[PDB]
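K.L.:
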Amino acid sequence: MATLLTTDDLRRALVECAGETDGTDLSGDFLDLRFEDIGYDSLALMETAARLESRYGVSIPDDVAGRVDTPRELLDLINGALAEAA
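If you want it as structure tokens, here you go:
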């Protein structure tokens, strides 16, 4: 019953920005350089993390999130704030 955030969740948020595509070739893992692939420096995932921060009910991380290079870090970021919150 205790389910705050999962890997599959962060993935859905990363695709929401894309739009539509039934491609992707993940035959292992996708949390190594997901942000450093198309060009997700910060501005791209900035607005996305903003609206998602409200619907999720998480704080407003502009430092770590603003300069988030790792993908798995993003999940542990919002999910982390939710942990202490609960």
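Be aware that the sequence shown starts at 1, since it is given in PDB author numbering, and climbs by one per residue. Ideal Cβ positions, reconstructed from N, Cα and C, are used throughout, including at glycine.
1) Starting from residue 80 and walking both ways along the alpha helix (DSSP H), at which residues does that stretch end?
2) Just curious, the alpha helix (DSSP H) that residue 21 is in, first and last residue?
3) Taking a contact to mean a Cβ-Cβ separation below 8 Å, would you say residue 34 touches residue 4 in this structure?
4) Report yes if the C-beta distance between residue 31 and residue 67 is below 8 Å; otherwise report no.
5) Do residue 64 and residue 82 come within 8 Å of each other at the CB atom, strictly closer than that value?
6) Nearest-angstrom Cα distance between residue 76 and residue 69?
7) Please state whether the Cβ-Cβ distance between residue 50 and residue 17 is less than 8 Å.
8) Measure the Cβ-Cβ separation of residue 56 and residue 38 and say whether it is below 8 Å.
9) Between which two residues does the alpha helix (DSSP H) carrying residue 13 extend?
P.N.:
Checking against the coordinates, here is how it stands:
1) Bounds of the alpha helix (DSSP H) holding residue 80 are 71-85.
2) Per DSSP, residue 21 is not a residue of any alpha helix (DSSP H), being assigned neither H nor E.
3) With respect to residue 4, residue 34 sits apart: the two C-beta atoms are not nearer than 8 Å.
4) No.
5) No, they are not a contact pair.
6) Their backbone Cα atoms lie some 13 Å apart in a straight line.
7) Not closer than 8 Å, so no.
8) No, these two residues do not count as a Cβ contact at 8 Å.
9) Taken as a continuous stretch (DSSP letters only), the alpha helix (DSSP H) holding residue 13 covers 7-16.
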